[PDB]
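S.K.: I need the structure of the sequence given here:
(4 chains)
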Amino acid sequence: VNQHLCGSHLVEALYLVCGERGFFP
Amino acid sequence: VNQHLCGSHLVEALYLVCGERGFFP
Amino acid sequence: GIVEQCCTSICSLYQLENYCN
Amino acid sequence: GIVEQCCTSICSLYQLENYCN
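M.R.: Residues are numbered from 1 along each chain as shown, chains lettered A, B, ... in the order given. Have a look at this structure:
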């Protein structure tokens, strides 16, 4: 189990937790 | 960009958002 | 289940967090 | 940055959410 969030997995972690807010990138 | 969370990526999405709480699995 | 909701489809933070504990 | 904190190391929900917006 990888607990690192790199690349496309970081982007998604951010599409997930950032919701209505959006995120840069 | 994949917005699906399947397999090891679901497990991690849950290690991330569930924090102190834990999760089954 | 969590697989239909979050893998087959797209789920929100709120939905996923309801699978915690 | 977000790469050192979340990729090279492990970050929390609270840490990641501070990269939002």
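S.K.: Is the helix or strand hosting residue C:16 in proximity to chain B?
M.R.: Following DSSP states H and E, one finds residue C:16 within helix C:13-17. Yes: contact of helix C:13-17 with chain B (C-beta under 8 Å from any C-beta of the partner chain) involves C:13, C:16, C:17. Placement of C-beta: from N, CA and C, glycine included.
S.K.: closest to chain A among these?
M.R.: Set against chain A, the nearest of these by C-beta to the nearest C-beta is residue C:13 (5.7 Å).
S.K.: The closest one: what's it in contact with?
M.R.: Residues counted as contacts of residue C:13 (C-beta atoms under 8 Å, 6 or more residues apart in numbering or on different chains) are A:16, A:17, A:19, B:17.
S.K.: Now do the contacts for the third one.
M.R.: When the contact criterion is C-beta under 8 Å, 6+ apart, the partners of residue A:19 are C:12, C:13.
S.K.: same deal with the last one?
M.R.: Each residue near residue B:17 by C-beta under 8 Å, 6+ apart is listed here: A:16, A:17, C:13, C:16, C:17, C:20, D:13.
S.K.: let's go with 6 Å and repeat that
M.R.: C:16, C:17, D:13 (C-beta atoms under 6 Å, 6 or more residues apart in numbering or on different chains).
S.K.: so it, which of the three states?
M.R.: helix (DSSP: H, G, I helix; E, B strand; the rest coil).
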